[PDB]
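First comes one chain, alone, set out as structure tokens in the form deposited in one PDB entry.
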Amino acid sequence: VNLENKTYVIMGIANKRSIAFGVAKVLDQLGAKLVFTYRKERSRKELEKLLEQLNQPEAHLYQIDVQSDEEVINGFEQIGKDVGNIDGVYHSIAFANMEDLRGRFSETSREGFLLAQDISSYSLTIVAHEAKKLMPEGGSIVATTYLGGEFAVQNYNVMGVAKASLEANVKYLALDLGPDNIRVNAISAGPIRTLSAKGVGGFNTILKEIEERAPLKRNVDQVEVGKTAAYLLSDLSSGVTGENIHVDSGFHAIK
């Protein structure tokens, strides 16, 4: 994976613990040029400090809230003008109201359910449609998911249904975009201590279970997700699309 002269757009860095920052560090080590997208300024002022650790010679930062078509459209349009054609997108965006991530799934509000779907699933479709405009020779799109999209996990609740939806999103996009030579895949990350992970009910109990039961008997980290993102974003994975790669210490394969 030498990624010199590759350009990747990385969506969803909030702080130094975000899974996308592990992705970022890894691609940065391999010589890629990185463009970053963020939702609010609390991530901008902060992103800017995090980018000091990378060897990125310049900060390419764009505000995009994936709840707005116009921000996704105008965003990717600006990126093309500032930076040219890209080679891929790392999508690491998700959201649910805290109230819907604990206690009873059956009590989920319509508003909260549709919000999770909007941000955590639909946002890949629109990102992919707009990013394709910048990948005329082909490219690669990767989304983060979690095992709770495939099994019912205590507490994860509405996010589990949004992830299930994201994983299908990835397959329907793989089928659509395949003839344009754009591969679309998911990385199912094991549990990692992030900002968003404070929102999930019973998180520490998740970590400990991994350590006890997963084949490798340890948890994974951001850099391990990034190393697999690197394979997926590069030519190493050229025959692989519509795939879900579990980077979770083997936990997915046991019961």
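Numbering starts at 1 and runs along the sequence shown. By rigid core we mean the largest C-alpha set that fits within 1.5 Å across both forms.
Just so it is clear, the following notes concern the form deposited in another entry, a form of the same protein that is not shown.
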Flagged residue of 47, 210, 230, 35 - C-alpha shift reaching 2 Å or more between the shown form and the other one, core superposed: 210
Rigid core superposed: residue 26 CA moves 2 Å or more between the shown form and the other one: no
Residue 66: Cα shift of 2 Å or greater between the shown form and the other one (core-aligned): no
Cα-Cα shift for residue 19 and residue 219, closer or farther in that other deposited form, minimum 3 Å: closer
Cα separation of residue 217 and residue 226 in that other deposited form versus here, shift of 3 Å or more: closer
